[PDB]
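Undergrad: these chains are from a complex, not moved at all, and more is on the way:
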Amino acid sequence: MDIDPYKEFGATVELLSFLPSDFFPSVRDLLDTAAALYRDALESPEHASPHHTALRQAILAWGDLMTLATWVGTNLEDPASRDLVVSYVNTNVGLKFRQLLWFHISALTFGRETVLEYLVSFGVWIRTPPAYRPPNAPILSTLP
Amino acid sequence: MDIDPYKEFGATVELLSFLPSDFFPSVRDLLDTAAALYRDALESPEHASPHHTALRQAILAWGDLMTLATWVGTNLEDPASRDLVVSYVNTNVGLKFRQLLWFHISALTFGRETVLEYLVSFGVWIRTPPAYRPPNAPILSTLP
Amino acid sequence: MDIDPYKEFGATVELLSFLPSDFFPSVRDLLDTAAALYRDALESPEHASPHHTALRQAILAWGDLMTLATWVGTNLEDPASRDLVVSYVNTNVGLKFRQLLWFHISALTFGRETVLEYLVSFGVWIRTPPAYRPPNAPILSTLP
Amino acid sequence: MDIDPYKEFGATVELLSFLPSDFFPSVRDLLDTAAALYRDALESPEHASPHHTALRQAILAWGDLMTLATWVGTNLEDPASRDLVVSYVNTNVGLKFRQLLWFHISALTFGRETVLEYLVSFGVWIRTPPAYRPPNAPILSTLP
Amino acid sequence: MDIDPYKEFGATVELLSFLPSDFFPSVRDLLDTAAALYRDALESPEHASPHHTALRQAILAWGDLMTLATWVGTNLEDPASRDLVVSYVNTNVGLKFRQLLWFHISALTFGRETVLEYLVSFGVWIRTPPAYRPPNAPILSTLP
């Protein structure tokens, strides 16, 4: 009854379990990137590619929790209520789809195959013990 | 980037603003009806429609929000501090994509064309004042 | 100078007066119809039909009457005289204006043929004795 | 909703603002131009061009603003406030309106080509330094 | 690297040194005239001419300098310390490309050929002493 968010794009939630938590950027940094690079294509009413379809949805989803953050910021009285709730959204639910923002943005910019190869390559990096890991962790980059 | 998802689908948020709040079925019925008859290619690796890709991102979001309601209802202290939040999810944020689930499901069984005419042909039914309104709203259905 | 705003379109004020006054939708409830359905076609720099060129003028004409209901609506010294006039805009100009928007916005969605026939149809249905008539009122609809 | 009343006609408010304000003729002095030249073409039940359909609306739009300047023009209790508003019609609506009539009534007599070129021409001629320019101002004319 | 921009355009800075300081129109009129009739492809992603690319870099520079005048006039303390700077911008640095805007705009409507002849045919008009000078400078214009 539960769908894999990435089963349609080749990747999977288990595969994204490689990437540690702190690896992912903040939601602001990702939203600014899409709104900087793709803002002229996201708002365009065309199916340029499935990531746009997913990316338009993921943005509005976080746009919705911002509402619940603001509603809770004012219509609640207890500090442990008004804070621990909003602390939950940024902490856990925010992390719940910084993957989606990080994934689909990185997929559009770099192609799906380059992202999937990136995950496996990053998987090998993290597996190796600290003594032999090359300190420069692998990082995405285009290729002509 | 401030844009509704209903752009490449030929719609708006104003277009689906005519529909009264009691128009849309419950969230449970929509989720069930999704898996009742779309569970075939909905939870598969296949890609088939652009509606499916947008759909899958909606069902995961509600599963996210329900994780929020379960969290707040069990850990936040005061019901006067949390039942506001719990009822807020089921009431307002739920109705956010309480209709989003409705659009894609209705579009899939019927088509982006037939759903739009039902929306166009509904507002004309609802914009009409009560005294001169037919006693039976138009029925969404496929035309052979 | 008796410039009928409908003589170009195979109609006339007498037919639109032939229907009952209260049948017509409200101004606010009707602007969003084109604003939600035709916001892209109207704002386009190339007209698609004379209804576009005509409806594109009615929207601007209503602009100042709201502005005049806003400038005068908030920049007077006597509130005892503000609603004396500001009420007149929604009183006896909208009645001559809500008819105008309804014609074109219905003319676009259903063609000038069906609207002109509907005016004859509905205007009769309200005249026939109630003992002898189909109680299901006649209405436009995109479906046959 | 930024419905330029000129974007359909290869112009825009900035060009018509590019000319000086006082260049435009008066409303009364301009209505008779179409009323004397185009009283037959406008009142015809078949439009001859989109300028007809557009100019046919501006005349009626000015109708109520005179009526509103007549209803309010004579049906108030405070003359101290009558000219406070009635002056505004000829104050800051005609300025946005005398431009509108001038464009179409000139567009019909001389085609949309010559008017759009004249706006560029005259708007420049008033900008060039007086020491270096033909003092004979540029003007439309039916003769070559 | 010490070179004027008027090289690939077939000109110099000496050639445009004949023109008196009062020759060129104001900076406001040039900026308006740029957007009055070139705003079509001036603020677009298109590349069309080599004049447009040089132009766009001029309009941004003046917007830069005006940001300087606004800054100094509001933050620098003494008018005897700042009005020198403010008037210096509008007077001297303004006239630097007060003519630069004039050359490209005049070149676009007319062509690199026709503008040069007007410059060649102007100096002969201005180098001539006053007693034998025709009372009307040559007029820039296109030749069919």
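TA: That came in fine, so what should we check first? Residues are numbered from 1 along each chain as shown, chains lettered A, B, ... in the order given.
Undergrad: Quick check: closest non-adjacent residue to whatever residue of chain A ends up closest to chain C.
TA: Using Cβ to the nearest Cβ, the closest approach of chain A to chain C is made by residue A:45 at 8.8 Å. Where C-beta positions appear, they are placed from N, C-alpha and C, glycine not excepted. Closest residue to residue A:45 apart from its sequence neighbours, by Cβ to Cβ, 6 or more residues apart in numbering or on different chains: residue B:7 at 3.7 Å.
Undergrad: For the one you found, give me phi and psi.
TA: phi -100, psi -60 (degrees, to the nearest 10).
Undergrad: now whichever residue of chain A sits closest to chain E: how far from chain D?
TA: As assessed by Cβ to the nearest Cβ, chain E sits closest to residue A:40 within chain A, at 9.5 Å. Between residue A:40 and chain D the computed distance is 19 Å (Cβ to the nearest Cβ, to the nearest Å).
Undergrad: which residue ranges form the helices in chain A?
TA: A:27-37, A:39-42, A:50-74, A:79-88, A:94-96, A:98-110, A:112-127 (DSSP state H).
Undergrad: Can you name the residues in contact with the fifth one?
TA: Translated: helix A:94-96. A:21, A:24, A:27, A:62, A:65, B:64 (Cβ atoms under 8 Å, 6 or more residues apart in numbering or on different chains).
Undergrad: Of these, which is the nearest to residue A:99?
TA: Checking the contacts of helix A:94-96 against residue A:99 by Cβ to Cβ gives residue A:24 as the nearest, at 6.7 Å.
Undergrad: Next, count neighbours for residue A:60.
TA: If you count neighbours by other Cβ atoms under 10 Å in any protein chain shown, residue A:60 ends up with 20.
Undergrad: which residue sits closest to the residue of chain A found nearest chain D in space, ignoring its chain neighbours?
TA: The minimum distance from chain A to chain D, using Cβ to the nearest Cβ, falls at residue A:43 (16.6 Å). Nearest residue to residue A:43 in three dimensions, chain neighbours excluded: residue B:3, at 4.6 Å (Cβ to Cβ, 6+ apart).
Undergrad: So what does that neighbour look like in phi/psi?
TA: Per degrees, to the nearest 10, the backbone of residue B:3 is at phi -150, psi 140.
Undergrad: pretty sure it is touching residue A:56, no?
TA: Yes. Counting by Cβ atoms under 8 Å, residue B:3 touches residue A:56, with 7.3 Å between them.
Undergrad: follow-up on the earlier one: turn the helices of chain A into a markdown table, including distance to residue E:33.
TA: A markdown table is the format used below for these (distance: least, Cβ to Cβ, whole Å):
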| stretch | distance to residue E:33 |
| --- | --- |
| helix A:27-37 | 33 |
| helix A:39-42 | 29 |
| helix A:50-74 | 41 |
| helix A:79-88 | 53 |
| helix A:94-96 | 51 |
| helix A:98-110 | 41 |
| helix A:112-127 | 49 |
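Undergrad: tack on chain F:
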Amino acid sequence: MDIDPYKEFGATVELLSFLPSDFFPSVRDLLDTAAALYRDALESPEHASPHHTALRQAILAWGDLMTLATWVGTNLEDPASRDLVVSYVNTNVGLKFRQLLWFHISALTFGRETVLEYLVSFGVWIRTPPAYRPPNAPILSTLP
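TA: Just below you will find chain F, in place on the chains above:
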């Protein structure tokens, strides 16, 4: 009424918002590079490519502020006047188009596509948290 300085070259001011302030070299270092590599082509009166057209303009623009720096350095008396002004030009207005100098120089040397790919690649570098950023930030380099 405002043009994007980079809208014609594919990039945009938002895209260049990735690069932090201190990343950009000084104006002297860039001018020496162009005057070292391109001084034999900039002064050539030919449109070798649009960056030359932009690059000739950007140089003279900074060449103009050097004049205002020198004029202010001598014809002003107050130290907070003569210093804070010139401090403004080097600090803010200098930074305002060290981008243009850095961009167009890097575009000529490395091709437009390589620069645009560089920005996106640098964008991904800066987004990543410090713990996982490869310490060697990405840097331009040719490719046969």
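Undergrad: mind redoing the contacts of helix A:94-96 now chain F's in there?
TA: With Cβ under 8 Å, 6+ apart, helix A:94-96 has contacts from A:21, A:24, A:27, A:62, A:65, B:64.
Undergrad: what's the answer for stretch A:99-110, then?
TA: The set of residues external to stretch A:99-110 that reach it, using Cβ under 8 Å, 6+ apart, is A:5-6, A:9, A:11, A:16, A:19, A:24-25, A:27, A:30-31, A:33-34, A:37-38, A:49, A:51-52, A:54-55, A:58-59, A:62, A:115, A:118, A:140-142, B:57, F:120, F:124.
Undergrad: do stretch A:64-82 as well
TA: Here stretch A:64-82 makes contact (Cβ under 8 Å, 6+ apart) with A:85-86, A:89-90, A:93-94, B:61, B:68, B:76-78, B:81-82, B:84-85, B:88-89, B:92-93, B:96-97.
Undergrad: now that stretch, how far from the centre of its chain.
TA: 23 Å (Cα atoms, centre = their mean, to the nearest Å).
Undergrad: Between the two ends of that stretch, what distance do you get?
TA: By Cα to Cα, to the nearest Å, the extent of stretch A:64-82 from end to end equals 17 Å.
Undergrad: Please point out which parts of that stretch sit buried.
TA: Buried residues in stretch A:64-82, defined by neighbour count with 16 or more other Cβ atoms under 10 Å in any protein chain shown: A:64-65, A:68-69, A:71-72, A:76, A:81-82.
Undergrad: do the same with stretch A:13-29
TA: Quick answer for stretch A:13-29 (16+ other Cβ under 10 Å): A:16, A:18-19, A:23-25, A:27, A:29.
Undergrad: could you dump those residues to a markdown table with distance to residue A:105?
TA: What follows is the buried residues of stretch A:13-29, written out as a markdown table (distance: Cβ to Cβ, whole Å):
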| residue | distance to residue A:105 |
| --- | --- |
| A:16 | 14 |
| A:18 | 18 |
| A:19 | 14 |
| A:23 | 14 |
| A:24 | 11 |
| A:25 | 10 |
| A:27 | 11 |
| A:29 | 10 |
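Undergrad: just curious, which of those residues is nearest to residue C:128?
TA: Nearest member of the buried residues of stretch A:13-29 to residue C:128, counting by Cβ to Cβ, is residue A:27, at 62.9 Å.
Undergrad: Would you mind measuring from the closest one to residue E:13?
TA: Using Cβ to Cβ, to the nearest Å, residue A:27 is found at 53 Å from residue E:13.
Undergrad: do residue A:60 as well
TA: Separation of residue A:60 from residue E:13 (Cβ to Cβ) stands at 56 Å.
Undergrad: ok so, going back, and the furthest pair within the contacts of helix A:94-96?
TA: Using Cβ to Cβ, the two most remote members of the contacts of helix A:94-96 are A:21 and A:65, lying 18.4 Å apart.
Undergrad: For the closest residue to chain F within chain A, give me phi and psi.
TA: Going by Cβ to the nearest Cβ, chain F is nearest to residue A:136 of chain A, at 3.9 Å. Main-chain torsions, residue A:136, degrees, to the nearest 10: phi -70, psi 100.
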